[PDB]
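This document opens with one chain alone, in structure tokens, the form deposited in one PDB entry.
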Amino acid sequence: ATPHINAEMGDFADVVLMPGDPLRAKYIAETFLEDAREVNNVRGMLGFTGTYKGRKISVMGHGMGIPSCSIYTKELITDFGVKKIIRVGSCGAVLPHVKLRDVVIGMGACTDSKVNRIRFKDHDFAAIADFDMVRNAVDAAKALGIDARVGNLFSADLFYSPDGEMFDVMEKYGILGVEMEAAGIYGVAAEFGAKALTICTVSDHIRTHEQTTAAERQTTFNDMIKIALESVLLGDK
């Protein structure tokens, strides 16, 4: 066990799906997993292990922001034998053609956090995913007839940024989605020698006003979950 996960080596599958919201981890375990068992509840950061089409799969919230998710992913990797991490989150969009409910696959993650410069002697560490995992998610998405873009995300430290112009810079450089985790998870993966992938669904268009019914947000969340789970199976071959 660790100070943030009341569990032991074995309670987790070698692949963990991670939404920000612990309750979405509960929903995911209750809906797409068989024989789900709750394996962590320290700080209410719910985690579950079960099976998807006969493959052992875990799912556990990471909380919001680079520091939070850095703790959980690091601990999972070094203390619970985890090999792959798939974050299933939401993101804000800055591109004109990226619409709500669109799926995005962070091949890379830009960030305004210092965590990677701390790791990397103040140089530019390109926080990227594991390629096979990105390929798996792309191929799974196709098999499900879901459209996804593969590119850069931007993991932000401040949800409420005093730096509004930055969004114009993100758009200029083709950032597909703005969330709060990817660059930190990718930094942990590189530091501790595991593989990670971030998939998001666009839940709001920054500098725009339009919404979606609760029914649509769910199906879209389900689609993300399905892309994620199915890509694991492709990953296993």
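One-based numbering along the sequence shown. In this text, rigid core is short for the largest set of C-alphas that superpose within 1.5 Å between two forms. Only residues modelled in both forms are compared.
On average the C-alpha atoms of 100 to 108 have higher B-factors than those of the other stretch, with 100 to 108 and 121 to 129 being the two compared. Relative to one another, 22 to 30 and 190 to 198 have unequal mean CA B-factors, and 22 to 30 is the one with the higher figure. Per the PDB entry, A93 shows the highest C-alpha temperature factor of the residues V134, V88, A93, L76.
Among the modelled residues of the chain, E210 sits in the highest third by CA temperature factor in this PDB entry.
Per-chain ranking of the deposited C-alpha B factor places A36 in the highest third. Ranked by Cα temperature factor within the chain, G177 sits in the middle third according to the deposited record. Per-chain ranking of the deposited C-alpha B factor places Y160 in the middle third. When the modelled residues of the chain are ordered by C-alpha B-factor, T49 sits in the middle third.
As for the form deposited in another entry, it is not shown, yet the points below apply to it.
Superposition of the core reveals a Cα shift of less than 2 Å for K53 between the shown form and the other one. After superposing the rigid core, the Cα of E210 is displaced by 2 Å or more between the shown form and the other one. Expansion of the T220-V104 CA spacing by 3 Å or more is recorded in that other deposited form, set against this form. Whereas the shown form places them at one spacing, the Cα atoms of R24 and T219 lie at least 3 Å closer in that other deposited form. Core-superposed comparison between the shown form and the other one places the only run of three or more consecutive residues whose CA atoms all shift by 2 angstroms or more at 209 to 220.
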